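**Student:** Structure in structure tokens, see below.
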């Protein structure tokens, strides 16, 4: 089984990358667009995708499977600030006195799915945390530029922000977040340029 | 060679094939081919044969190999050429590559073993470290790919010949695995560089492991072996069914493939020294092998039993064909893998494996000890497998046998089976030596007290002093040398315990039997050199003041054992016993209890109620109250209890009527409810009762089954074995119903007791002591030795230098004297004990015992007087014995309470010493300037001085001079002083 | 038969086998399998014959036969392997080789191998330095 | 098997116990191996001269057409055999023997006179003319082409003969080879060269470890020494030496032809094939070094394996330098875009670590010398890459990127060089000469340590490292003359080349912060080499002003700065300024330079 380990001690946490084809070779610098085969140092198995169960699984097997590494983010990070994809943040609406959040004190998703501006300790509670997810898997940890579409996921409830005509803003689940209603953009100014 | 070289230039055909086969035969017949391998290599014969092979294989490469006889003969010639010399092997190694592509030329066709290009390739690297290390990864990769193809696709020619179309090719896979085994294992050591590569390639291609072990729905190795056995014993799936020849026995093929794979992996397993050092690659390989093969599968495969050869009517042996069924070589590989990868490091696992997988095989091999059945293929193969795989494993795992007090029955059965197998014939010298080493190490590690059954078995067998007696003799020597404190010391060895006087009587019988047999046996060098230490060790182990029980335990365990046959069931006759009427109440009550318990068990099984008495509708028992049961139904319960009571009375144990319980019970739809009874306790004597009477019942059943056997005309039922050799689970039923009957006796209170008592207390310790008897025999033998030496002095001086009593004198000089020396050196304090307490255990040898010690000392002195040259090198032995006896002499007590003849002999010893010293006086005087003089001088200087020195040192140390040296002995001492 | 057998003994194996001759296959069956070496001079027992038949179409030839005496070469290997040692060294014959004599017997001759001697004494060390040549050699000449 | 080896040693007997015929066979084999094979006689030059002599033309009475001489006929036969189409180049004993004979005839080989050197050069030219006047160059090209990329003794003999006829950079042979290739439009020759490079062997750790395991098992190889490690170093060196000799003398035409073959339908980049093999051998050397990095000492087999691998790598570096010098801009660009930088990075790591590892030992002096010679060759190749540079050039940018990638290793190398360059100054200081008052030249270890500590130029770690590098002596005394002659002199050459490289990079990348930081790291070496570094500007062959960097010796600087030479310079300047001419100014300057 392939899982997570707290400590780096031992060779179980180490994997060796090998080319999936003859175009690459040992010692050659790995390109971002490539297919790799990963071998566990401890067991000499492969990071393998198994079809045996009704649902696909991942396991360290002797049959080798091709894995493609996709970059997300790098060490640039634009120093401080400069919002990047995947960031968890608070949307301060007014003059540093309100946050976009949902009710939680009432309890119950039926009234927790609504969205509103609230002030006070909401700015330090986890209830007012939204993570910004880009629409592209590759380079999803890059800087967010003006007009770039994204989704806003309420971290605590796990539901995505969305717009429908009859009841304006609302949160739905992963199965109902269908980009047509959950996509939002940041604009420098409100004019319809 | 010129004929073959000329045939190179003509196209191959039938005539040329015949000519070249004959030429190769002539060459392999010639002397120079074997005497001068360098000449052969210089002439390049291997290259010529390889060119012929290439031509034949290329002819019809796509088709079947034309002229297979030519290929087989060339392969055989090249294999022999490789075997001739190492440089020939290295020269043929250069053609390894081509042979690897052409490996599959004739693998599937049988009767070509050792006559294939794969066989030539294997011989090119067999038992050669340089060539094994020179093997390359692509060379092993080709073989791995071929094995994967064999494991994935069936054999075309095999299926064309009508064989069932299984999905894989065990026949060729086995040969590929054998070649890989030769590649990875060389000269008894595993080439780690090749083993790692082979393991990595095999795990990269998991199809190489066959249907089973492939995963993804593949069943276990045990299941695969069982299914292959079913195929082997089921026709229409094993052969084609439209000298093996066409027959392949696909079940055996599958089994052999799996065995070869297991053997190859076990040889690829890393070394334990590397594992201990911590080579991460070694631990990784071991973990991989453990993941592939579970331990339980190996245990189950080992537990699988063979098919014993059967003796049928008219004395005909039916031995199932080895090449068609399950073979011990298949389990040998499993044992090898279990030892190499998993190993045996914990006592509980060792005992479990011994009980489930090894003990049945050992018992079967021991059972196959009949003269006719001991030469069968199964018997020889099983003996080879045992002595080459199983027994060395137990020898190496001997230290794990330390804390085995609980599983006494299991390892007693192990010891009995091993000893019987050793006694069996048709065993090679190496196999017998392996048996000896295994038994020695095992018995050395086990506890002294609980090998009593093996001691008892050896007692009846070793006095014969046959060729096989060497191993039991050494076994007894080592055991009694190690565990002497268990017997001699009254407290015992410690936590081990103390002898129960049964071991003491057994050891005394063994000692006396061995002594008598050696006395009457003609002198043999090795036999005596082995027997004397055994006799000394047994004498030292036995307490000197041991009291021999004049009455033996009634019907002691000699009836169960037999001469030669070693197993004659002897149930006690029940004809003359009459059951007392007072036991009828117990018979009735126990019948009621048994019927109620059986009704409970029947309802618990859940079977249709007994509403009528129906046979086919199978409603037989009626579960009706015992009082309502018929008299003939009562018989099936009463008769076993009747026989039980018959044996109880026959064995002389009283059962008396507890007054309280007897009066107590006398005044005291259907409910089958009975008594929870298993919670009752039994004493030690009660437990021994239950064990011996369950043994009698097992003997009864074994005898009945035996008469059934000769009624059928033959056979050997697996459990027809002595009760001691019978294992715990197999003794469980008899022991349980023993517990049942004794417990019901106890709960009724019916008091069972030993009954027949000792006829007399036997206070004459002075007469019945083991030391008393031993010293009587010793002094007697010294007396005949003395009379023989006077006969020699009478005869040899005239004419009789050679005397008829050579073997008697050799016995006395080789066995008697060292036995005396060792016995009195071990037990010096015992004979020297007196009113004072130099020893703390109690000792205190009798006055008569001390008297005979003195008499023996005097007899030995008289014997040695002027006869050192007659004994030659033994004179050292005589003087050592006299030294020890003089140290052990209890002069004060002997002179206070002793017999006049012995006292006079002790005085005469000193008088003779004084007279000899005076004679030496006149020999040295007036003879220093210029024969009996030399004899007296060297006799004095060699023997007389040490004896007097030791005796006087002992007397001075123990202050015996004030009690011994008085009057005439003072006069003799004055002469000695002058 | 890897050149360890000498020419004279190989020749007398052949002359015994040629006593029955017959084109290298005739009159040499399993019935004469014992008779040839019985005539040659040492006696094959049941163990010797089972060693002959252990790996053995059904009728032997000279390669197979002398291959059998290869594994029989394992016999009579007890006194001549130490005969050379007893001749060259151990003039006293005590077997307890002296201190300088033991330096000298492990004075490495050409191979110049190391750690093997110190391994032997860390695995086993005699006591009474004073290493026994007998105990020293049986460990390898088992 | 340990017991079996001892049993064989005990049972094995000397010669006098062996039967006479066996001992005679053994003696025959030994006599063949020791006396007949080692016997050598020289006949190649005489045989070639006899075969080249035209035979009796007044008897031939032809006078119309000169008949081909026997040597010409033999070369024609070999050429026809090569030209005949076959699946594989069959092994020909005749061709092997006569190719060896011809190569040795051309070869036929304490300061010697100039006329002696010229006489030797003329003799070599005549001997090579004896062959290439009869078709030897075309013959070797045809044989290489017919080899079809398969390594073998035929190809080895062909390469040796080509080297023999191309030694000294034979312009006539180079022109003949190029003309034949261009007029045949032979793609098989270049395909076979690429195949041979791909088939060339490298170091094999697995084979080395298996050989070590076998030797430790205890049975010595009855055959020759194990050549499984670095299979054919001689063949690889011969191939790359033939390639280098094909371009010696800055042969621009054939240098460009190797990179691209214009006429041919298919083109093979010999430049890229060479750099690929360089990368392979660099990786092998790195693996072999890593196998000893943990180990304290390097055995003899390892030392010889490094010697062979370093020789091969040095030959490849020389071949690449011959490729790019002249300069050849196309070759420079191809190597800049090739995998050369990765190999250079690996080599820099290997150098920066093995320098310390072998300098701390005393039994690896020759290995360290070979390694630093290889380092010097690599730096020379890098300088040739920078030859003909331009401001803000792509090659300079890539070299700066490589240096930044290998920053740590180059820093370690520079520290090594700085220590062993200050060694000479402390040796020549008066304090050291009073620590060793006599002129004997050997001083104790703590006298030496106290002398170092007196300077304070070194630190504690540097002093400890130099003491460790100092060899152990029974008298605890070291010879500082041999110490400096061992350690200082490889520096001041490799260090000077590195300083020239860094100065060139700095001057052609004036605005580069990474290079500025790298130079700040390398400040001390540049300060030491500043008086010895000479810069001039020339009107280069590419119609472009180019910087030229060279070495100025201390003796030259002192003689130039002597007052008499200064007065001569002043007089010359006065003359050219006043009565000199602007047309003849450079001629007068060159005459003054020659006289000075």
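Chains as they are written, first to last, in UniProt numbering: chain A, 146 to 338; chain B, 2123 to 2364, 2377 to 2802, 2820 to 3081, 3088 to 3135; chain C, 1 to 56, 61 to 132, 135 to 148; chain D, 3594 to 3702, 3710 to 4196.
The beta-carbon is built from N, C-alpha and C at its ideal position, and this holds for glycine as well.
Quick check on residue 2151/B - is its C-beta less than 7 Å from some C-beta in chain C?
**Tutor:** Yes, residue 2151/B counts as interfacial toward chain C.
**Student:** Counting along the chain, where does the beta strand (DSSP E) carrying residue 164/A start and finish?
**Tutor:** Looking at the DSSP string, the run of the beta strand (DSSP E) that includes residue 164/A is 160 to 164.
**Student:** Quick one: what does DSSP say residue 244/A is sitting in, helix, strand or coil?
**Tutor:** Strand, per DSSP.
**Student:** Exposed or buried, residue 275/A, counting other C-beta atoms within 10 Å across all chains shown (16 or more means buried)?
**Tutor:** Flag for residue 275/A reads buried.
**Student:** On the CB-based measure, 16 or more other CB atoms within 10 Å of its CB, does residue 4022/D come out buried or exposed?
**Tutor:** Buried, since its Cβ has 16 or more Cβ neighbours within 10 Å.
**Student:** Helix, strand or coil for residue 305/A, going by three-state DSSP, please let me know.
**Tutor:** Three-state result, residue 305/A: strand.
**Student:** If we call anything under 7 Å between Cβ atoms a contact, is residue 191/A one with residue 209/A?
**Tutor:** In contact: residue 191/A and residue 209/A (Cβ atoms closer than 7 Å).
**Student:** Output, in chain order, the set of chain C residues within a Cβ distance shorter than 9 Å of residue 3599/D.
**Tutor:** In chain order: 143, 146, 147.
**Student:** Examine the Cβ distances between the region 2180 to 2198 of chain B and the region 93 to 107 of chain C and report whether three or more of them are shorter than 8 Å.
**Tutor:** At 8 Å Cβ cutoff, the stretches do not touch.
**Student:** Measuring alpha carbon to alpha carbon, tell me which of 2939/B, 3008/B, 3045/B ends up nearest residue 2985/B.
**Tutor:** When each option's Cα is compared against that of residue 2985/B, the closest is 3045/B.
**Student:** Taking Cβ positions, are residue 3799/D and residue 3867/D nearer each other than 7 Å?
**Tutor:** Their beta carbons are not under 7 Å apart, which means residue 3799/D does not touch residue 3867/D by this criterion.
**Student:** Give every residue of the same chain whose Cβ lies closer than 7 Å to the Cβ of residue 2163/B, excluding the five residues on either side of it in the sequence, and list them in chain order.
**Tutor:** Excluding residues within five positions, the ones whose Cβ falls inside 7 Å are 2209, 2210, 2213.
**Student:** Over the uninterrupted beta strand (DSSP E) stretch that includes residue 4135/D, give me the two end residues.
**Tutor:** Taken as a continuous stretch (DSSP letters only), the beta strand (DSSP E) holding residue 4135/D covers 4133 to 4139.
**Student:** Which complete alpha helix (DSSP H) runs does the region 2829 to 2896 of chain B hold, if anything under 4 residues is left out?
**Tutor:** Here the runs fully enclosed are 2835 to 2863.
**Student:** Exposed or buried, what is residue 2347/B when buried is set at 16 or more other beta-carbons lying within 10 Å of its beta-carbon?
**Tutor:** By the 10 Å Cβ count, residue 2347/B comes out buried.
**Student:** First and last residue of the alpha helix (DSSP H) that includes residue 2350/B?
**Tutor:** Here the alpha helix (DSSP H) through residue 2350/B covers 2343 to 2355.
**Student:** What three-state label does DSSP hand residue 203/A in the structure shown?
**Tutor:** Correct three-state label for residue 203/A: strand.
**Student:** Classify residue 3942/D: buried if its beta carbon has 16 or more other beta carbons within 10 angstroms, exposed otherwise.
**Tutor:** The residue in question, residue 3942/D, is buried, as its Cβ has 16 or more Cβ neighbours within 10 Å.
**Student:** Assuming residue 2229/B contacts residue 2294/B under a Cβ cut-off of 8 Å, what Cβ separation, rounded to an integer in Å, is found between them?
**Tutor:** 4 Å between Cβ atoms; contact.
**Student:** Against chain D, with Cβ distances strictly below 7 Å, would residue 88/C count as a contact?
**Tutor:** So, interface residue.
**Student:** Cα separation between residue 4172/D and residue 4185/D?
**Tutor:** Roughly 11 Å separates the two Cα atoms.
**Student:** Distance cutoff 7 Å, beta carbons only. Does residue 2325/B sit that close to anything in chain A?
**Tutor:** True, the Cβ-Cβ gap to chain A drops below 7 Å.
**Student:** Compute the beta-carbon to beta-carbon distance between residue 331/A and residue 291/A, rounded to the nearest angstrom, for a pair I have assumed lies under 8 Å.
**Tutor:** Indeed, because the Cβ distance is near 6 Å, the residues count as touching under 8 Å.
**Student:** Please confirm if residue 16/C has its CB atom under 7 Å from at least one CB of chain B.
**Tutor:** False, the Cβ-Cβ gap to chain B never drops below 7 Å.
**Student:** Could you check where the beta strand (DSSP E) with residue 193/A kicks off and where it finishes?
**Tutor:** Residue 193/A -> beta strand (DSSP E) spans 191 to 195.
**Student:** Which residue or residues does DSSP assign as beta-bridge partners of residue 3121/B?
**Tutor:** Answer by DSSP bridge pairing: none, since residue 3121/B is not bridged.
**Student:** With 7 Å set as the bound, which would you pick, yes or no: does the beta-carbon of residue 3596/D sit closer than that to a beta-carbon of chain C?
**Tutor:** Interface residue, yes.
**Student:** Checking contacts by CB at 7 Å: is residue 24/C closer than that to chain B?
**Tutor:** Interface residue, yes.
**Student:** Would you say residue 3603/D faces chain C, with C-beta separation under 7 Å as the test?
**Tutor:** Output row for residue 3603/D: interface = yes.
**Student:** I want to verify the contact list: residues of chain D whose CB lies under 8 Å from the CB of residue 117/C, in sequence order.
**Tutor:** Within chain D, the residues near residue 117/C are 3818.
**Student:** Compute the beta-carbon to beta-carbon distance between residue 2382/B and residue 2285/B, rounded to the nearest angstrom, for a pair I have assumed lies under 8 Å.
**Tutor:** 7 Å between Cβ atoms; contact.
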